[PDB]
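Here we start with a single chain on its own, the form deposited in one PDB entry, put down as structure tokens.
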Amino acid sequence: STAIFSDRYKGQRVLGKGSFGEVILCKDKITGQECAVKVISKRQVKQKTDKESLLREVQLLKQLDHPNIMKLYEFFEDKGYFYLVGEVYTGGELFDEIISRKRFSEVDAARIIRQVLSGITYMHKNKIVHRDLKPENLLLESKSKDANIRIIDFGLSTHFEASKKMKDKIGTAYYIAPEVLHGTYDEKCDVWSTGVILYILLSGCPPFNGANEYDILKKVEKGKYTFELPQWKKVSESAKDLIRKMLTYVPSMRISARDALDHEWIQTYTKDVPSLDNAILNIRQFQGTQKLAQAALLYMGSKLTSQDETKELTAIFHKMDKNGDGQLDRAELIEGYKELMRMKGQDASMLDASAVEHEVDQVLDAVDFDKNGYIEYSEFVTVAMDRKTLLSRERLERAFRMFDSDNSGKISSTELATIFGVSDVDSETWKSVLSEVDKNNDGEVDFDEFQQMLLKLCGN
């Protein structure tokens, strides 16, 4: 008989959203082992391969072992989902840690890139390609400072189709190898992606850039880039030589991961070296922008999900309310909330019956109602839904504050252009919405105004 994920694991909390699914911090019900589970919804993510081929890849991945590669422990599958259980890392994304440091030299970059190349080299030896390598897939193992980089998502993109949705696409275009765009690719695509990441570590700007996703993709496909920016004047010849070799257009002429590890630049800088201050500055701006556009798309999504789940939940309860007096008990609210999850797939957070009981009790305990009596469902619906959004509403706010590095209270129109370009919101569409909110021609918006624009960009 098939083994069941929630027989073995309980959810602690959501860690975040990555490629193909939500990632949840889980705990083994017997051993207390904490793990990070990536939950992939079959409704939302299509498979590329047969079951057979996926099972064999999983089995291989459970056996592979390298210090710069996320350890996979278990794999489960049921009717609606795939569950990929792996080791928890607590150090967060590499670039998030880099923006927090006072100095950053080529030696720091070389030590980072060596780790990435070492992980990749090993995976290539095992005939596993990443293809979607980017900064978000480089996690630090712990929150220490000599912490190792662990690369996540190796092998996934071969078996599951990427989302076409921008909220899931943010960041992808800078890093993708040109040959991946055209369909004929091999493991060399991962060296290209690393070259891009390295270019960014040493200058703070993407080598291939543009005002929207398609403009970025157009630059990538032409494959041309330069080292003419001022901050390249501070950088060694050997680093630009390696970059050139990694960003070589024709894959057969591009350096391999293994050979890159032997490059002069890696050798010299990983065994009287200035800080790259202008690069740190550009990376923190790049990062903040990426994080705010991401938060803007999630917020818009969250509002739409709420509009959808509010009405669904009310209809479920109306139906359930046989007598029609507006009064359900706690087990009924639970059955209805379950009914909502049965219909939805959005909550990886509500893995089993027991997580749903708990969530109901959280809402009741907020709403000043006794859990042992009968309850007005319309009031319960109102509180339950804010719970889900405000997470995104307060993360939106948090992300607006982090982007506003000067504590000015405002985002300029130029900055909005940048943010919406990354978010791939049409230029005349956002300006139009900004016209409707900025009637004083300040050419800038505060947080509430920004939020209002986003509500207008999602049909509110």
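In this text, the rigid core denotes the largest set of C-alpha atoms whose superposition between the two forms falls within 1.5 Å. Shifts are known only where both forms have a C-alpha. Quick note: we count residues from 1 along the sequence shown, nothing fancier.
The form deposited in another entry exists for this protein as well; it is not shown, and the discussion that follows is about that form.
Rigid-core fit between the shown form and the other one: of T389, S256, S105, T172, the one residue whose Cα shifts 2 angstroms or more is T389. Core-superposed comparison between the shown form and the other one: the C-alpha position of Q362 differs by no less than 2 Å. Here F154 does not count as shifted, since its C-alpha moves by less than 2 Å between the shown form and the other one after the core is aligned.
Relative to the superposed rigid core, the position of the CA of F380 differs between the shown form and the other one by 2 Å or more.
Shifted stretches between the shown form and the other one, defined as 3+ consecutive common residues each with a CA displacement of 2 angstroms or more after rigid core fitting, are listed in sequence order as 143-145, 319-321, 325-340, 357-368, 375-393.
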